[PDB]
Amino acid sequence: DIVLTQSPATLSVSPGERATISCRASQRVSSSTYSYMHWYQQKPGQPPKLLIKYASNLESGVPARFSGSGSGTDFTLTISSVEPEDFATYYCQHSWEXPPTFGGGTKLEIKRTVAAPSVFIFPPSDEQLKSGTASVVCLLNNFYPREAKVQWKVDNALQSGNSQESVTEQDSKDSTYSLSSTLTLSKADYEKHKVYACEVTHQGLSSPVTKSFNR
Amino acid sequence: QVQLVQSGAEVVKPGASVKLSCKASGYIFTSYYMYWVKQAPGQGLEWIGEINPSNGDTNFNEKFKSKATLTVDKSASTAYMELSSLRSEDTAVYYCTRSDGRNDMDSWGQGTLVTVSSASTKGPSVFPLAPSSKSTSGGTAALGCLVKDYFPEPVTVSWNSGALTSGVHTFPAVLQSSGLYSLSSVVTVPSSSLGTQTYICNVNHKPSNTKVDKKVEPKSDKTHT
């Protein structure tokens, strides 16, 4: 079967710059008249969406900033000016011989401007406390770049465990990340302390930011 | 408008089979080939095979000919894929996709996550993350829903039945020590209008047939006993 090799694996591009991604087929996928290579865009959580068919034909509804070129074995997809919504993995696919196969994808990342997080803290809900567990949530919203440190302090003491973090993909409208950190304690443990705080470090801030509440 | 709508995610025991469906609307079902495609997260997609809905004829990738069985139901405008004797390598998202002439794949279903596991399905609990005009950043408030203790993936969250999407962040699940998943979905909103706007998170966990709507309100006590 035909193998499609995409490059680069990840392309990092500043807002509004041109992006070019490559797909090379292991053997010729064009006739003397047409090329049987197609391009798809897979946004986070979504199926692939067809962008370009037969190397160069823009699918109806697809933005004009997308174009494709090439013939033979070497194909390219170009985004003339990258927009936040273009954050996605892009795949090529041939239909020359059977079976159709796909490339391994190129991830398009966007190097937007530096942004400090906005920080919020949420005590456990009364409904959850009725079940015997306390989840405390710290939200870091809309920051860039990804690197961030979150520490939990309970009555000023650094917590050594019992939290978990998750970070989003780059946002579809502004290219930032957000991060949640959840501290989970038994109700009894929760009720043995007074002050719950999360301390956040990020390069867009010149000192750590602490958000806290008193139980 | 052309739409393909797939069946919900499922947990499947090792060695068992599962039957996935894909309902087509907005076009003549028999006029387009239907493909099925496998994707393990963040991997190149793999073509499983094709059915011609006009006559039931099939073609398979040699790699999947012993794994997949494809059928259609005309009156239901639905294509089916049965996967046999599942093993861990079968855990993946499965898509159906239509093709006019065996070249490009122009319309895709939303995908069905099949998780092969001996563990039982569990639906989540949903808790509010309440906003307050006393807890603002730059005049904005944050609110959300905590979706705790489910298995397998996935959970999806919408807000106000899909009318609220700006500023929403639904985090990737975390795997808890229990072996159950948790996630939160949050939104930032004006702090000025928490008394006039309504924010409801709509949580779906298809493996357990769980749908929960939770109204998230600012919390109302000066008495501490």
# chains A, B, ... in the order shown; residues from 1 in each chain; ligands from 1
call {"tool": "residues_around", "arguments": {"residues": "segment 140-154 of chain B", "least_positions_apart": "5", "cutoff": "7 Å", "atoms": "only C-alpha atoms", "output": "VMD selection string"}}
result
(chain A and resid 120) or (chain B and resid 11 115 121 to 133 135 180 to 191 201 205)
call {"tool": "closest_atom_pairs", "arguments": {"of": "chain B", "to": "chain A", "cutoff": "7 Å", "atoms": "only C-alpha atoms", "output": "CSV"}}
result
residue,atom,partner,partner_atom,distance
B:43,CA,A:104,CA,6.2
B:44,CA,A:104,CA,4.2
B:45,CA,A:102,CA,5.9
B:46,CA,A:101,CA,6.5
B:47,CA,A:101,CA,6.7
B:61,CA,A:99,CA,6.2
B:103,CA,A:95,CA,5.0
B:104,CA,A:38,CA,6.3
B:105,CA,A:50,CA,6.9
B:106,CA,A:50,CA,5.7
B:108,CA,A:47,CA,6.4
B:109,CA,A:47,CA,7.0
B:110,CA,A:47,CA,5.7
B:111,CA,A:47,CA,6.7
B:127,CA,A:125,CA,6.5
B:128,CA,A:125,CA,6.4
B:129,CA,A:122,CA,6.1
B:137,CA,A:118,CA,6.2
B:142,CA,A:120,CA,7.0
B:171,CA,A:168,CA,5.5
B:172,CA,A:166,CA,6.2
B:174,CA,A:166,CA,6.7
call {"tool": "write_last_selection", "arguments": {"atoms": "N, CA, C and O atoms", "output": "compact mmCIF listing (two decimals), in the first residue's frame"}}
result
# COMPACT_ATOMS: atom_id res chain seq x y z
N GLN B 43 -3.68 9.83 15.81
CA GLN B 43 -3.00 8.98 14.83
C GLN B 43 -3.55 9.23 13.45
O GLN B 43 -4.64 9.78 13.27
N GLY B 44 -2.77 8.85 12.43
CA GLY B 44 -3.31 8.77 11.08
C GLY B 44 -4.54 7.86 11.08
O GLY B 44 -4.60 6.85 11.73
N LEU B 45 -5.51 8.27 10.31
CA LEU B 45 -6.70 7.56 10.14
C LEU B 45 -6.43 6.32 9.29
O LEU B 45 -5.53 6.30 8.48
N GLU B 46 -7.23 5.29 9.50
CA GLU B 46 -7.11 4.05 8.74
C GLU B 46 -8.44 3.69 8.12
O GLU B 46 -9.45 3.66 8.81
N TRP B 47 -8.44 3.42 6.82
CA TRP B 47 -9.70 3.05 6.13
C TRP B 47 -10.02 1.58 6.40
O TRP B 47 -9.18 0.71 6.15
N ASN B 61 -10.36 -3.21 3.55
CA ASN B 61 -8.92 -3.24 3.75
C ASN B 61 -8.57 -4.63 4.21
O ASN B 61 -9.25 -5.18 5.12
N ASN B 103 -13.22 8.71 -4.24
CA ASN B 103 -12.05 9.54 -4.16
C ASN B 103 -11.99 10.22 -2.78
O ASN B 103 -11.49 9.63 -1.86
N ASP B 104 -12.52 11.43 -2.67
CA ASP B 104 -12.54 12.15 -1.41
C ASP B 104 -13.73 11.68 -0.53
O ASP B 104 -14.66 11.01 -1.02
N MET B 105 -13.68 12.03 0.76
CA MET B 105 -14.67 11.70 1.77
C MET B 105 -15.26 13.03 2.24
O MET B 105 -14.65 13.73 3.03
N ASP B 106 -16.46 13.38 1.76
CA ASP B 106 -16.94 14.74 1.84
C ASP B 106 -17.79 15.09 3.05
O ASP B 106 -17.96 16.25 3.32
N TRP B 108 -18.77 13.56 7.15
CA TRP B 108 -18.32 12.64 8.18
C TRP B 108 -19.27 12.64 9.34
O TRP B 108 -19.81 13.67 9.75
N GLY B 109 -19.47 11.47 9.90
CA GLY B 109 -20.15 11.35 11.20
C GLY B 109 -19.29 11.91 12.31
O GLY B 109 -18.14 12.20 12.09
N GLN B 110 -19.86 12.02 13.50
CA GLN B 110 -19.14 12.66 14.60
C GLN B 110 -18.17 11.74 15.33
O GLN B 110 -17.40 12.19 16.19
N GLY B 111 -18.20 10.46 14.99
CA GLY B 111 -17.31 9.49 15.59
C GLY B 111 -17.96 8.80 16.79
O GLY B 111 -18.72 9.43 17.51
N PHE B 127 -21.65 18.65 39.65
CA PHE B 127 -21.66 19.65 40.71
C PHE B 127 -21.42 21.02 40.13
O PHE B 127 -20.65 21.16 39.21
N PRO B 128 -22.08 22.04 40.67
CA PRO B 128 -21.81 23.41 40.21
C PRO B 128 -20.48 23.98 40.69
O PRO B 128 -20.02 23.64 41.78
N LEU B 129 -19.90 24.85 39.85
CA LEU B 129 -18.78 25.72 40.20
C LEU B 129 -19.39 27.11 40.16
O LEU B 129 -19.53 27.71 39.09
N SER B 137 -12.20 38.72 38.22
CA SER B 137 -10.89 39.08 37.69
C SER B 137 -11.15 40.02 36.54
O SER B 137 -11.81 39.67 35.59
N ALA B 142 -16.33 33.79 36.71
CA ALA B 142 -16.19 32.44 36.14
C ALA B 142 -17.17 31.50 36.81
O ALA B 142 -17.48 31.63 37.98
N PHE B 171 -12.49 20.92 29.70
CA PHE B 171 -11.16 20.38 29.82
C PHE B 171 -11.11 18.91 29.41
O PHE B 171 -12.11 18.18 29.56
N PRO B 172 -9.95 18.47 28.93
CA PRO B 172 -9.73 17.02 28.79
C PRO B 172 -9.95 16.34 30.13
O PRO B 172 -9.61 16.89 31.19
N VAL B 174 -9.40 13.85 33.23
CA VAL B 174 -8.27 13.30 34.01
C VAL B 174 -8.68 11.92 34.45
O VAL B 174 -9.86 11.65 34.68
call {"tool": "atom_distance", "arguments": {"atom1": "atom CA of residue 6 of chain B", "atom2": "atom CA of residue 112 of chain B"}}
result
6.6 Å
call {"tool": "select_by_dssp", "arguments": {"residues": "segment 34-198 of chain A", "states": "helix (DSSP H, G or I)", "output": "number ranges by chain"}}
result
A: 84-86, 126-130, 187-190
call {"tool": "select_by_dssp", "arguments": {"residues": "segment 29-154 of chain B", "states": "strand (DSSP E)", "output": "number ranges by chain"}}
result
B: 33-39, 46-51, 58-60, 68-73, 78-83, 92-99, 107-108, 112-116, 125-129, 140-150
call {"tool": "atom_distance", "arguments": {"atom1": "atom CA of residue 92 of chain B", "atom2": "atom CA of residue 3 of chain A"}}
result
21.1 Å
call {"tool": "residues_around", "arguments": {"residues": "segment 75-77 of chain B", "least_positions_apart": "6", "cutoff": "6 Å", "atoms": "only C-alpha atoms", "output": "JSON, numbers by chain"}}
result
{"B": [23, 24, 29]}
call {"tool": "write_last_selection", "arguments": {"atoms": "N, CA and C atoms", "output": "tab-separated table (two decimals), in the first residue's frame"}}
result
chain	number	residue	atom	x	y	z
B	23	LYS	N	-26.59	6.98	10.76
B	23	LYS	CA	-27.80	7.40	10.07
B	23	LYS	C	-27.54	8.59	9.15
B	24	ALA	N	-27.90	8.43	7.87
B	24	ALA	CA	-27.72	9.45	6.85
B	24	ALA	C	-28.97	10.23	6.59
B	29	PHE	N	-29.64	8.22	0.23
B	29	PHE	CA	-28.69	7.28	0.86
B	29	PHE	C	-28.01	6.33	-0.12
call {"tool": "closest_residue", "arguments": {"among": "B:18, B:116, B:168, B:4", "to": "residue 79 of chain B", "atoms": "only C-alpha atoms"}}
result
B:4
call {"tool": "closest_residue", "arguments": {"among": "B:42, B:73, B:91, B:155", "to": "residue 209 of chain B", "atoms": "only C-alpha atoms"}}
result
B:155
call {"tool": "closest_residue", "arguments": {"among": "A:108, A:183, A:23, A:62", "to": "residue 160 of chain A", "atoms": "only C-alpha atoms"}}
result
A:183
call {"tool": "residues_around", "arguments": {"residues": "residue 7 of chain A", "least_positions_apart": "2", "cutoff": "8 Å", "atoms": "only C-alpha atoms", "output": "ChimeraX atom specification"}}
result
/A:5,9-10,21-23,106
call {"tool": "residues_around", "arguments": {"residues": "residue 156 of chain B", "least_positions_apart": "2", "cutoff": "9 Å", "atoms": "only C-alpha atoms", "output": "number ranges by chain"}}
result
B: 154, 158, 170, 202-206
call {"tool": "write_last_selection", "arguments": {"atoms": "C-alpha atoms", "output": "tab-separated table (two decimals), in the first residue's frame"}}
result
chain	number	residue	atom	x	y	z
B	154	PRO	CA	-16.36	10.44	26.73
B	158	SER	CA	-22.84	22.10	26.31
B	170	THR	CA	-14.32	21.97	28.55
B	202	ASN	CA	-25.96	20.03	29.75
B	203	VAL	CA	-23.87	16.91	30.40
B	204	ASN	CA	-24.05	13.78	28.31
B	205	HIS	CA	-22.37	10.45	28.98
B	206	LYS	CA	-23.71	8.14	26.25
